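Just the one chain here, laid out as C-alpha coordinates, in the form deposited in one PDB entry.
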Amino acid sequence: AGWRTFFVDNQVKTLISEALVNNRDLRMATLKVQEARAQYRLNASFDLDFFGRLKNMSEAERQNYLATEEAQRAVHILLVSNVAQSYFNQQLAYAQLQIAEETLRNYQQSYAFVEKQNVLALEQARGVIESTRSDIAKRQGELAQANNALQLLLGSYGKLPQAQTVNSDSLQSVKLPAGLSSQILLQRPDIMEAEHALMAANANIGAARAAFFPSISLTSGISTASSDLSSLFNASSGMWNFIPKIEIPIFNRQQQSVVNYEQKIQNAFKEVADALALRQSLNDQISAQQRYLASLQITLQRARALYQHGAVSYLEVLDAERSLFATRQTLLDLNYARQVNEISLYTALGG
(Lines give C-alpha, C1' and ligand atoms only; values in the text may rest on other atoms or scores of the structure.)
Protein backbone atom coordinates (compact mmCIF):
# COMPACT_ATOMS: atom_id res chain seq x y z
CA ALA A 1 0.00 0.00 0.00
CA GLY A 2 2.82 2.39 -0.94
CA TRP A 3 0.11 4.78 -2.14
CA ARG A 4 -0.70 5.62 1.48
CA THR A 5 2.81 6.95 2.22
CA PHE A 6 3.61 8.30 -1.24
CA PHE A 7 0.80 10.81 -1.82
CA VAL A 8 0.94 13.66 0.70
CA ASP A 9 -2.47 15.22 -0.12
CA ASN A 10 -5.20 13.68 2.07
CA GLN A 11 -8.07 14.14 -0.38
CA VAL A 12 -6.43 12.15 -3.16
CA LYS A 13 -5.78 9.49 -0.50
CA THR A 14 -9.43 9.46 0.41
CA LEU A 15 -10.27 9.09 -3.29
CA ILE A 16 -7.75 6.29 -3.81
CA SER A 17 -8.98 4.32 -0.80
CA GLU A 18 -12.56 4.65 -2.00
CA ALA A 19 -11.63 3.44 -5.49
CA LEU A 20 -9.77 0.46 -3.99
CA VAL A 21 -12.91 -0.53 -2.04
CA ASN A 22 -15.18 -0.31 -5.14
CA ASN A 23 -12.82 -2.14 -7.45
CA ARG A 24 -12.79 -5.69 -6.22
CA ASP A 25 -13.10 -7.08 -9.77
CA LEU A 26 -9.86 -6.64 -11.73
CA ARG A 27 -11.34 -6.87 -15.25
CA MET A 28 -14.01 -4.27 -14.39
CA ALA A 29 -11.24 -1.95 -13.08
CA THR A 30 -9.64 -2.29 -16.50
CA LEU A 31 -12.94 -1.13 -18.04
CA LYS A 32 -13.30 1.87 -15.80
CA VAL A 33 -9.75 3.03 -16.44
CA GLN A 34 -10.19 2.53 -20.13
CA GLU A 35 -13.31 4.72 -20.27
CA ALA A 36 -11.86 7.39 -17.98
CA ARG A 37 -9.01 7.86 -20.50
CA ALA A 38 -10.88 7.29 -23.78
CA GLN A 39 -13.35 10.06 -22.99
CA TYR A 40 -10.54 12.56 -23.64
CA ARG A 41 -9.31 11.48 -27.14
CA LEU A 42 -8.90 8.65 -29.74
CA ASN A 43 2.54 10.52 -21.07
CA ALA A 44 1.16 7.43 -19.31
CA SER A 45 3.32 4.85 -21.08
CA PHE A 46 2.58 2.46 -18.22
CA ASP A 47 -1.01 2.66 -19.45
CA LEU A 48 -0.18 2.32 -23.17
CA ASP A 49 2.00 -0.71 -22.38
CA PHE A 50 -0.64 -2.36 -20.27
CA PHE A 51 -3.60 -1.86 -22.63
CA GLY A 52 -1.67 -2.70 -25.79
CA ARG A 53 -0.21 -5.84 -24.24
CA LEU A 54 -3.68 -6.81 -23.04
CA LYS A 55 -5.26 -6.10 -26.41
CA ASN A 56 -2.70 -8.21 -28.26
CA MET A 57 -3.78 -11.42 -26.54
CA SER A 58 -6.71 -13.80 -26.88
CA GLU A 59 -9.58 -13.59 -24.43
CA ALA A 60 -8.45 -16.90 -22.92
CA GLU A 61 -4.93 -15.48 -22.51
CA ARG A 62 -6.27 -12.33 -20.84
CA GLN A 63 -8.24 -14.23 -18.21
CA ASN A 64 -5.17 -16.33 -17.41
CA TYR A 65 -2.82 -13.36 -17.20
CA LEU A 66 -5.10 -11.46 -14.83
CA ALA A 67 -4.69 -14.31 -12.37
CA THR A 68 -0.92 -13.91 -12.10
CA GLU A 69 0.41 -11.74 -9.28
CA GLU A 70 2.25 -9.34 -11.61
CA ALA A 71 -1.02 -8.48 -13.36
CA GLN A 72 -2.79 -7.85 -10.07
CA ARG A 73 0.03 -5.51 -9.05
CA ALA A 74 -0.09 -3.75 -12.45
CA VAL A 75 -3.85 -3.23 -12.22
CA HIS A 76 -3.48 -1.87 -8.68
CA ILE A 77 -0.89 0.55 -9.99
CA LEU A 78 -3.10 1.41 -12.97
CA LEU A 79 -6.09 2.11 -10.73
CA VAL A 80 -4.28 4.25 -8.13
CA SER A 81 -2.30 6.30 -10.65
CA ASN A 82 -5.44 7.02 -12.74
CA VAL A 83 -7.51 8.19 -9.79
CA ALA A 84 -4.68 10.48 -8.70
CA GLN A 85 -4.34 11.71 -12.23
CA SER A 86 -8.10 12.39 -12.52
CA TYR A 87 -8.05 14.36 -9.30
CA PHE A 88 -5.12 16.58 -10.35
CA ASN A 89 -6.89 17.23 -13.66
CA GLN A 90 -9.99 18.18 -11.69
CA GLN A 91 -8.08 20.49 -9.42
CA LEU A 92 -6.18 21.96 -12.36
CA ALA A 93 -9.49 22.73 -14.13
CA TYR A 94 -11.22 24.34 -11.09
CA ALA A 95 -8.21 26.64 -10.79
CA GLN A 96 -7.65 27.60 -14.43
CA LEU A 97 -11.39 28.23 -14.65
CA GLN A 98 -11.25 30.39 -11.52
CA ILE A 99 -8.38 32.49 -12.96
CA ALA A 100 -10.08 32.82 -16.38
CA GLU A 101 -13.15 34.21 -14.62
CA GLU A 102 -11.16 36.84 -12.73
CA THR A 103 -9.34 37.43 -16.02
CA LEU A 104 -12.68 37.98 -17.78
CA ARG A 105 -13.73 40.45 -15.09
CA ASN A 106 -10.43 42.33 -15.39
CA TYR A 107 -10.67 42.56 -19.20
CA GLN A 108 -14.24 43.84 -18.93
CA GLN A 109 -13.25 46.71 -16.64
CA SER A 110 -10.40 47.28 -19.06
CA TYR A 111 -12.95 47.51 -21.92
CA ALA A 112 -15.30 49.87 -20.11
CA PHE A 113 -12.43 52.12 -19.09
CA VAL A 114 -11.05 52.45 -22.64
CA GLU A 115 -14.38 53.47 -24.14
CA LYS A 116 -15.07 56.10 -21.46
CA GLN A 117 -11.96 57.93 -22.64
CA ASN A 118 -9.05 54.18 -30.08
CA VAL A 119 -11.75 51.94 -31.55
CA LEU A 120 -8.91 49.68 -32.72
CA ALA A 121 -7.97 49.24 -29.07
CA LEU A 122 -11.61 49.02 -28.00
CA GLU A 123 -12.25 46.12 -30.39
CA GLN A 124 -9.12 44.27 -29.27
CA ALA A 125 -10.73 44.28 -25.83
CA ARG A 126 -13.86 42.73 -27.44
CA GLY A 127 -11.56 40.15 -29.02
CA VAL A 128 -9.97 38.89 -25.84
CA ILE A 129 -13.13 39.21 -23.74
CA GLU A 130 -14.60 36.58 -26.03
CA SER A 131 -11.64 34.19 -26.40
CA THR A 132 -11.51 34.41 -22.60
CA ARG A 133 -15.20 33.52 -22.46
CA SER A 134 -14.61 30.67 -24.90
CA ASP A 135 -11.65 29.62 -22.79
CA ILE A 136 -13.97 29.54 -19.81
CA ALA A 137 -16.28 27.06 -21.57
CA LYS A 138 -13.24 24.98 -22.59
CA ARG A 139 -12.11 24.67 -18.93
CA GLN A 140 -15.70 24.05 -17.89
CA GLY A 141 -15.56 21.01 -20.16
CA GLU A 142 -12.21 19.76 -18.96
CA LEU A 143 -13.69 19.97 -15.49
CA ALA A 144 -16.65 17.86 -16.54
CA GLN A 145 -14.23 15.35 -18.04
CA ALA A 146 -12.12 15.07 -14.92
CA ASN A 147 -15.36 14.63 -12.93
CA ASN A 148 -16.43 11.94 -15.37
CA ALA A 149 -13.13 10.16 -14.82
CA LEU A 150 -13.45 10.37 -11.03
CA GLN A 151 -17.07 9.06 -10.88
CA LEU A 152 -16.07 6.21 -13.15
CA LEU A 153 -12.96 5.13 -11.26
CA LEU A 154 -14.95 5.21 -8.04
CA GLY A 155 -18.71 4.70 -8.06
CA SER A 156 -22.21 6.07 -8.73
CA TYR A 157 -22.80 8.48 -5.79
CA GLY A 158 -21.89 11.86 -7.28
CA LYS A 159 -20.16 13.43 -4.25
CA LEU A 160 -17.13 14.88 -6.02
CA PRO A 161 -14.55 17.16 -4.41
CA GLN A 162 -14.78 20.93 -4.80
CA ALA A 163 -11.88 23.36 -5.37
CA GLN A 164 -9.12 22.64 -2.86
CA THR A 165 -7.27 25.84 -2.01
CA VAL A 166 -4.40 23.66 -0.70
CA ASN A 167 -1.70 25.78 -2.36
CA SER A 168 1.62 27.24 -1.17
CA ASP A 169 1.96 23.90 0.63
CA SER A 170 1.00 20.98 -1.63
CA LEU A 171 2.97 22.97 -4.17
CA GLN A 172 5.76 20.57 -3.24
CA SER A 173 6.40 16.78 -3.30
CA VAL A 174 6.82 13.93 -0.79
CA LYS A 175 10.20 13.85 0.95
CA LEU A 176 11.64 10.53 -0.15
CA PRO A 177 13.37 8.29 2.40
CA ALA A 178 17.10 9.00 2.35
CA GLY A 179 18.95 5.94 1.18
CA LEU A 180 16.00 4.27 -0.57
CA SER A 181 17.08 0.76 -1.62
CA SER A 182 17.20 0.18 -5.37
CA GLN A 183 15.61 -3.17 -4.52
CA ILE A 184 12.24 -1.44 -4.32
CA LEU A 185 12.18 -1.90 -8.13
CA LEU A 186 11.96 -5.74 -7.96
CA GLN A 187 8.31 -5.07 -7.19
CA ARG A 188 7.76 -3.55 -10.63
CA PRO A 189 5.45 -5.88 -12.57
CA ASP A 190 7.66 -5.55 -15.64
CA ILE A 191 10.58 -6.81 -13.53
CA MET A 192 8.38 -9.36 -11.75
CA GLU A 193 7.44 -10.73 -15.16
CA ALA A 194 11.05 -10.76 -16.34
CA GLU A 195 11.90 -12.99 -13.38
CA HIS A 196 9.04 -15.38 -14.13
CA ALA A 197 10.60 -15.62 -17.60
CA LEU A 198 13.96 -16.26 -15.94
CA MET A 199 12.40 -19.09 -13.90
CA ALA A 200 11.03 -20.45 -17.15
CA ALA A 201 14.47 -20.54 -18.75
CA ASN A 202 15.70 -22.53 -15.72
CA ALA A 203 17.67 -19.76 -14.01
CA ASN A 204 18.62 -19.00 -10.41
CA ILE A 205 17.03 -15.70 -9.46
CA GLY A 206 19.50 -15.13 -6.65
CA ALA A 207 22.43 -15.24 -9.06
CA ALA A 208 20.35 -13.39 -11.67
CA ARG A 209 19.70 -10.60 -9.18
CA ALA A 210 23.28 -10.65 -7.89
CA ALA A 211 24.83 -10.48 -11.37
CA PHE A 212 22.55 -7.93 -13.05
CA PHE A 213 20.59 -5.87 -10.50
CA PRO A 214 22.73 -3.15 -8.86
CA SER A 215 22.01 -2.84 -5.11
CA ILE A 216 22.29 0.85 -4.37
CA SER A 217 20.55 3.76 -2.80
CA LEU A 218 18.31 5.65 -5.21
CA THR A 219 18.15 8.79 -3.11
CA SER A 220 20.86 10.90 -1.45
CA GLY A 221 21.04 12.08 2.17
CA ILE A 222 18.26 14.50 1.27
CA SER A 223 15.66 12.91 -1.01
CA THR A 224 17.47 13.90 -4.17
CA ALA A 225 18.97 11.40 -6.60
CA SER A 226 21.91 9.63 -5.01
CA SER A 227 25.43 10.00 -6.36
CA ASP A 228 25.37 6.21 -6.90
CA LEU A 229 22.32 6.44 -9.20
CA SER A 230 23.94 9.22 -11.24
CA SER A 231 27.08 7.08 -11.52
CA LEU A 232 25.20 4.41 -13.51
CA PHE A 233 24.74 6.74 -16.48
CA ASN A 234 27.89 8.17 -18.09
CA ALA A 235 27.86 11.97 -18.03
CA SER A 236 27.00 13.72 -21.31
CA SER A 237 26.59 10.23 -22.80
CA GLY A 238 23.59 9.58 -20.53
CA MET A 239 24.05 5.87 -21.13
CA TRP A 240 23.89 2.89 -18.73
CA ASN A 241 27.34 2.17 -17.19
CA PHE A 242 26.82 -1.02 -15.18
CA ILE A 243 29.01 -4.03 -15.96
CA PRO A 244 27.31 -7.26 -14.80
CA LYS A 245 29.63 -9.74 -13.09
CA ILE A 246 28.84 -13.46 -13.17
CA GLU A 247 30.18 -15.23 -10.09
CA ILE A 248 27.52 -17.86 -9.42
CA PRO A 249 26.36 -19.29 -12.79
CA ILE A 250 22.82 -18.09 -13.54
CA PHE A 251 21.27 -21.30 -14.81
CA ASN A 252 20.80 -24.69 -13.16
CA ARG A 253 14.01 -19.28 -23.82
CA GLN A 254 17.39 -18.72 -22.15
CA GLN A 255 19.63 -15.87 -23.44
CA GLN A 256 16.48 -13.95 -24.38
CA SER A 257 15.29 -13.79 -20.77
CA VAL A 258 18.65 -12.42 -19.61
CA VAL A 259 18.60 -9.57 -22.15
CA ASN A 260 14.95 -8.95 -21.36
CA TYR A 261 16.07 -8.61 -17.70
CA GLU A 262 19.03 -6.29 -18.36
CA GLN A 263 16.74 -4.22 -20.57
CA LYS A 264 13.98 -3.95 -17.97
CA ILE A 265 16.47 -3.24 -15.20
CA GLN A 266 18.34 -0.52 -17.11
CA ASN A 267 15.05 1.12 -18.03
CA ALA A 268 13.53 1.00 -14.55
CA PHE A 269 16.62 2.74 -13.19
CA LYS A 270 16.35 5.21 -16.05
CA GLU A 271 12.71 5.99 -15.33
CA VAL A 272 13.55 6.59 -11.67
CA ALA A 273 16.48 8.86 -12.54
CA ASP A 274 14.48 10.98 -15.03
CA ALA A 275 11.70 11.23 -12.45
CA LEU A 276 14.16 12.34 -9.75
CA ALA A 277 15.85 14.98 -11.89
CA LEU A 278 12.56 16.34 -13.25
CA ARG A 279 11.02 16.51 -9.80
CA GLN A 280 14.11 18.39 -8.53
CA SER A 281 14.00 20.65 -11.57
CA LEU A 282 10.30 21.42 -11.09
CA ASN A 283 10.92 22.27 -7.44
CA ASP A 284 13.33 24.99 -8.49
CA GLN A 285 10.98 26.34 -11.20
CA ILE A 286 7.98 26.43 -8.83
CA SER A 287 9.96 28.07 -6.06
CA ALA A 288 11.24 30.85 -8.30
CA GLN A 289 7.75 31.47 -9.72
CA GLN A 290 6.53 31.68 -6.13
CA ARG A 291 9.08 34.34 -5.24
CA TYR A 292 8.21 36.19 -8.46
CA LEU A 293 4.49 35.98 -7.61
CA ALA A 294 5.06 37.66 -4.23
CA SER A 295 6.88 40.48 -6.01
CA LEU A 296 3.86 40.93 -8.31
CA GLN A 297 1.47 40.94 -5.33
CA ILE A 298 3.19 43.90 -3.67
CA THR A 299 3.51 45.67 -7.03
CA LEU A 300 -0.27 45.46 -7.40
CA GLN A 301 -0.78 46.53 -3.79
CA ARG A 302 1.53 49.48 -4.41
CA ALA A 303 -0.17 50.29 -7.72
CA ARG A 304 -3.53 50.16 -5.91
CA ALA A 305 -2.30 52.82 -3.49
CA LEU A 306 -0.84 55.07 -6.22
CA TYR A 307 -4.18 54.97 -8.06
CA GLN A 308 -5.94 56.14 -4.90
CA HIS A 309 -3.59 59.16 -4.85
CA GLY A 310 -4.15 59.92 -8.51
CA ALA A 311 -0.61 58.81 -9.38
CA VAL A 312 -1.38 56.21 -12.12
CA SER A 313 -4.24 55.42 -14.54
CA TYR A 314 -6.61 52.60 -13.60
CA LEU A 315 -5.40 50.65 -16.63
CA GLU A 316 -2.02 50.39 -14.88
CA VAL A 317 -3.71 48.61 -11.99
CA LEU A 318 -5.50 46.37 -14.47
CA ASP A 319 -2.22 45.51 -16.13
CA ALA A 320 -0.60 44.81 -12.81
CA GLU A 321 -3.49 42.41 -12.11
CA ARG A 322 -3.12 40.68 -15.51
CA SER A 323 0.53 39.94 -14.66
CA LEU A 324 -0.51 38.39 -11.35
CA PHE A 325 -3.04 36.21 -13.25
CA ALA A 326 -0.45 35.23 -15.86
CA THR A 327 1.93 33.98 -13.16
CA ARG A 328 -0.73 32.16 -11.14
CA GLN A 329 -1.39 30.21 -14.31
CA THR A 330 2.25 29.39 -14.82
CA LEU A 331 2.47 28.20 -11.19
CA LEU A 332 -0.52 26.00 -11.88
CA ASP A 333 0.96 24.43 -15.05
CA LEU A 334 4.30 23.81 -13.30
CA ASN A 335 2.65 22.32 -10.22
CA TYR A 336 0.42 20.18 -12.37
CA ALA A 337 3.48 18.93 -14.25
CA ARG A 338 5.01 18.18 -10.86
CA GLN A 339 2.04 16.00 -9.90
CA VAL A 340 2.14 14.15 -13.21
CA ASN A 341 5.84 13.50 -12.62
CA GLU A 342 5.13 12.28 -9.07
CA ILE A 343 2.74 9.74 -10.59
CA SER A 344 5.53 8.68 -13.00
CA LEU A 345 7.76 8.26 -9.98
CA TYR A 346 5.20 6.24 -7.99
CA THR A 347 4.68 4.02 -11.05
CA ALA A 348 8.40 3.76 -11.76
CA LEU A 349 8.99 2.57 -8.17
CA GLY A 350 6.23 0.01 -8.70
CA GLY A 351 3.62 0.61 -6.02
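Here the rigid core means the biggest group of C-alpha atoms that line up within 1.5 Å when the two forms are laid on top of each other. Heads up: residue numbers just count along the shown sequence, starting at 1.
Quick note: we don't show the form deposited in another entry, though the next part is all about it.
Large C-alpha shift between this form and the one not shown, rigid core held fixed: of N147, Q187, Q266, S170, this applies to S170 alone, with a displacement of 2 Å or more. Distance between the C-alpha atoms of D169 and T327: shorter in the other form than here (change of 3 Å or more). Look at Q290 and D169: in the other form their Cα atoms come 3 Å or more closer than in this form.
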